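Colleague: Sequence plus experimental coordinates follow:
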Amino acid sequence: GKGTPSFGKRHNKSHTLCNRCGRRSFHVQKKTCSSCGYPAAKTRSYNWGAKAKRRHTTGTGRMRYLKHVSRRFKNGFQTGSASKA
Amino acid sequence: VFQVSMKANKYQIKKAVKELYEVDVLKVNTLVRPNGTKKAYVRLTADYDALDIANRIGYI
Amino acid sequence: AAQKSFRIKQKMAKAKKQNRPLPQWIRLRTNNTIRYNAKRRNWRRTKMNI
Amino acid sequence: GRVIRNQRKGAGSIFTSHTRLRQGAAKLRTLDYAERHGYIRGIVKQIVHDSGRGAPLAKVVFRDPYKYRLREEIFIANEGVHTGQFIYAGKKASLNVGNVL
Amino acid sequence: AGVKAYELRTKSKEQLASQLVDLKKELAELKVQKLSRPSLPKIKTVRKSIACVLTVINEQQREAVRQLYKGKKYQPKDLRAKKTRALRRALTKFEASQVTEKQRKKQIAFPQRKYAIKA
RNA sequence: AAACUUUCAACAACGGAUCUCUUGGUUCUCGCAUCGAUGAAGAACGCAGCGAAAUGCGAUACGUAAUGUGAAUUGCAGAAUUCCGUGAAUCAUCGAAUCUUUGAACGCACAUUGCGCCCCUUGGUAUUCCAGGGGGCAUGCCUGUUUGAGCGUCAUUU
RNA sequence: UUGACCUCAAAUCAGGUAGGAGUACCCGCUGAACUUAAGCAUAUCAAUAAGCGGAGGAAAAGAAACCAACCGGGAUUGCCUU
RNA sequence: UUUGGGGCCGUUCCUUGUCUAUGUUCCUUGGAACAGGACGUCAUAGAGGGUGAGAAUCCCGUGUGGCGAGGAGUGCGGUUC
RNA sequence: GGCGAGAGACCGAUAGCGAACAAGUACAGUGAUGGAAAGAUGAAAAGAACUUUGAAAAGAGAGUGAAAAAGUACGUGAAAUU
RNA sequence: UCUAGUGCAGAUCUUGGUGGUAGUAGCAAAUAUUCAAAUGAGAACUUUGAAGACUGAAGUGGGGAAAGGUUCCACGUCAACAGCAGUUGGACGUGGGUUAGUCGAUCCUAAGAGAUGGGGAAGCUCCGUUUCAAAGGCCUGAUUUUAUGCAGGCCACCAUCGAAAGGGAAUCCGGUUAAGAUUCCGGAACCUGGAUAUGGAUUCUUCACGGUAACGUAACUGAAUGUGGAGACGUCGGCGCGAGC
RNA sequence: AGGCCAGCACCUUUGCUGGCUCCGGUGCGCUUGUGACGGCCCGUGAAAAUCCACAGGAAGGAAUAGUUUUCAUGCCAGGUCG
């Protein structure tokens, strides 16, 4: 009964949600995410996990500041305001 | 019966009602509606009348 | 379960607000390519995995 | 070939000692000044069974000479020791059973 | 309809607070009218008017504090320049134009003369 | 002889090839150098008069302000003084702001929307208790300040 | 006694600073095997991939403890070539 | 024998707005003319796109120059202390 | 790689980036990771009033349209198979 | 003329699609259904009533943990699903719904995990959890420039996380809804924390009396420090007693 | 209160009024809790928080008035998540 009845015995989550990635990879008994490396400082990445990088990298989100960075570089990082020509 | 921020608590609700509606409030029972919101059942003293102040507000 | 956590309940509420069909005025708008919802989710068929 | 049992035994996740019911480590009183220049009296208050150990233990109690305090020790009981029993530890102590000469 | 930032700027602080509480009460009225009714956009006009009011107030306070900290160093970390981490951590044109008096002498005595070559 | 099987054609079907398209991709070239403790990348949850998503945004929530244009948005509804004008608009531009809870994440924690300490202030007849609001408390290191410790050590006391 | 010094410390002390991300190129460490050898162990794949640390718009290098043996040249990088 | 520093206007660089010619004449077909035909125009503009079908000549643009606005700035040209 | 521009004896929706579309999406897996399919009505919705049969869906007429041999199971509409 | 991703019958080829087999195998465990009425276009199955049967309290009953997530309840409703059917449904559509001082989490620590100091490691990070560390806060106040210093005094564990079944402060009845209730309504209680007034008690023998005693009481000063108890505990046997049945 | 019954009323919100709700017995009975004992062990069968008491005697207080708030009564509040 290594198959079906054991799958019936299967009901306790090894993994739950993580607060840095939100992916349900936070091993409770180790206290680590299997995807971001929480609660470590760094973010978990590998150059064999190219797809993983591509999935979790810059630009898959809002870039709440970084789009405006390039706009602002174009305008030369200016202070002040307009003058009502 | 009010719909309420998830950041709020019973002291806040009681004081806010006393201010906005010029009433006194006996007790407060809150819950989280599974649409994500908070709901508050707010019981006053027997002095005031909830019907009166609700059809004063302009809902009924 | 009954004894649950607020995060779970939060995600559940969001799911419940997602689980309903398209608006037909969106079906009416200009240049529209949407006919139906395809992010639709039913407890019998697929689980959230949370 | 595998690593074998005697080698796994040294990491010891499951081979560690089951150290719950053990009343403490059965060490003698510390050798401070009273022991190495005179003697000092304590009292065997209670003999008990230590788990994993076939020899019993004797919760002895002394007094602190430096403070109003009652530092309790754990001795391994010898044959003849009983409750309420005065234990004399030190250098000029007398040679009877239970003493720490 | 709604409100106008220029006349708000002419108005004073307490006038703005009164405007704000009025708008908020009106918006609560509008939400009960909304649950009674099918549709109501006047609530959206109200929303953006409240937003502009709070914006104006913020600008007034920040300008007060700017002209308070004026002409001295150590102004705070939300009235300073935002430019970028690296540019803030960079040198100044002063600190980068600093020289040894030695190199200043060598400059002044032997600078790149502007010459030309035909005859 | 029919029926049935098979074959061919016409019409109808299943199905989605062929043809013709094309806001995409790929490759080459040119040019510029711009993330973050002043809190990033990312994540979660939430915001529209009527939306689930996408895109946008953060309780000032498909956006505010400011500037420019110059009268639209549009699926519906509504709005009109907003039209010879400090002014429409899912407009463009963008120099002032907001920037929920998190995250290098920084009061201590975290499978808890958990538990504290300090300052200012308000109420409850309250330095102490309770609650509300506002502001704060990470670590390592640098320079400097103040308070120090050590017969490590100097002098000078009587 | 009082005041210095030396060294070591503490403060929610005054001011600042580093951390993380991205990583095509760049500086370094670390470090394989499949493979080729018609086998295979040196060797080769490779002073490579993976892993780790750290930067910029370029980096690194760089004004010779150099090349040379000439009638001598003259920082560095790079292209052709050798 | 030889020397320094600031201002201004220009100029350079960046960003960027706006203006800058020519047929929608006739006939046939067609649902529609951008097609065919006839007659013409501009062209330092016949590149490209759009519009009911192959559109230089309908629209945006292109080409040509022009007129501005805000920034960087010592690169330098004149002027001033 | 990032930001912005231009080009091609390139691919033309089983091709070309995995992704021309609400694609790193739905979905699977405890998890690391894996990872799709799916473009075209018509110039314009003018997207079929009205009558009739039917419980209705739909049908037959009518009508729109240049064309329903264009009816959201929509450009054309092969074959297998029927 | 140039140039190629240039010609398919095959590759247990790839992707998609389609067939014959074939209206076939088969839809057969769990003792079992029937009569009428109503609805509706339409009833073997929906609803009601009547009958016959079953589970038979170690149950097909009533409530929960893990998990699931809104399936809960209602109204409408049958294109797809419910391997027949369908007027029904855990389906489709639209809404509504989960009320706590006393139930739990939160607190405690267990096995254990894991920072700091320090030490290793090229380095991601490893060891270790009181360690070769200068590792802190508790109380009375003293002043009445005045807030909180200075007066003292005290102590030295020396992070934190870890159980919704362990330990643990305290709530019961009746009623009520479409769906909730030890939560809401009514009534009747208890606990913690913080304020405070009266009564009561006690005292001129200044901090209580009685009792031979076991010990009793409406209360009836008591800091630092220290000792002790409860928390705090196996299993089986038979006996007694109690509660409910 | 709740439960069992009776009576009189009405489109109806619909009730309204009355009574009873008593006294016992048994048991190796079932389940469960508990008490005092016994038996078993080379097995003797968690910890901490928290609470209380005691020893001790710092300190503080009465008389024209004090001391006490572990006695009684009285006042306020009791969050967050499920």
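Modeller: Yes, it's here. Numbers count the residues shown, from 1 in each chain, chains lettered A, B, ... in the order given.
Colleague: and stretch D:66-73, C-alpha only, in CSV?
Modeller: In CSV, the C-alpha atoms belonging to stretch D:66-73 read as follows (Å, rounded to 0.1, in the frame of the first residue of the first chain):
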residue,chain,number,x,y,z
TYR,D,66,29.5,33.0,51.8
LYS,D,67,25.7,33.6,51.7
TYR,D,68,22.3,32.7,53.2
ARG,D,69,21.9,30.0,50.7
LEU,D,70,21.4,26.3,50.6
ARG,D,71,23.4,24.9,47.7
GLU,D,72,22.1,21.4,47.1
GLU,D,73,24.3,18.7,45.6
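Colleague: That stretch vs RNA strand J: in contact?
Modeller: Yes - counting by CB under 7 Å from any atom of the strand, contacts between stretch D:66-73 and RNA strand J involve D:68, D:69, D:70, D:72. Quick note: C-beta positions are derived from backbone N, CA and C, even for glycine.
Colleague: what about the helices in chain A?
Modeller: In chain A, helices defined by DSSP state H lie at A:4-9, A:50-56, A:66-74, listed in chain order.
Colleague: and of those helices, who's closest to residue C:50?
Modeller: Among the helices of chain A, helix A:50-56 comes nearest to residue C:50, with 18.9 Å by CB to CB.
Colleague: From RNA strand K, how far off is residue B:43?
Modeller: Here the distance between residue B:43 and RNA strand K works out to 12 Å (CB to the nearest atom of the strand, to the nearest Å).
Colleague: Can you name every helix or strand that the helix or strand where that residue lies contacts?
Modeller: Under the assignment given by DSSP states H and E, the secondary-structure element containing residue B:43 is strand B:37-44. In terms of contacts (3 or more CB pairs under 8 Å, 6 or more residues apart in numbering or on different chains; DSSP states H and E), strand B:37-44 is packed against strand B:2-4, helix B:10-21, strand B:25-33.
Colleague: mind listing what's buried in the second one?
Modeller: Buried residues in helix B:10-21, counted by 16 or more other CB atoms under 10 Å in any protein chain shown: B:13, B:14, B:17, B:21.
Colleague: I'd like those residues as a markdown table, with distance to residue D:1 appended.
Modeller: Putting those into a markdown table (distance: CB to CB, whole Å) gives the following:
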| residue | distance to residue D:1 |
| --- | --- |
| B:13 | 71 |
| B:14 | 74 |
| B:17 | 77 |
| B:21 | 82 |
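Colleague: of these, closest to RNA strand F?
Modeller: When the buried residues of helix B:10-21 are compared for distance to RNA strand F, the smallest value, 8.5 Å, is given by residue B:14; criterion: CB to the nearest atom of the strand.
Colleague: sorry, back to before: sort out for me which of the residues of stretch D:66-73 next to RNA strand J are in strands.
Modeller: Taking DSSP state E, the ones among the residues of stretch D:66-73 next to RNA strand J that sit in strands are residue D:72.
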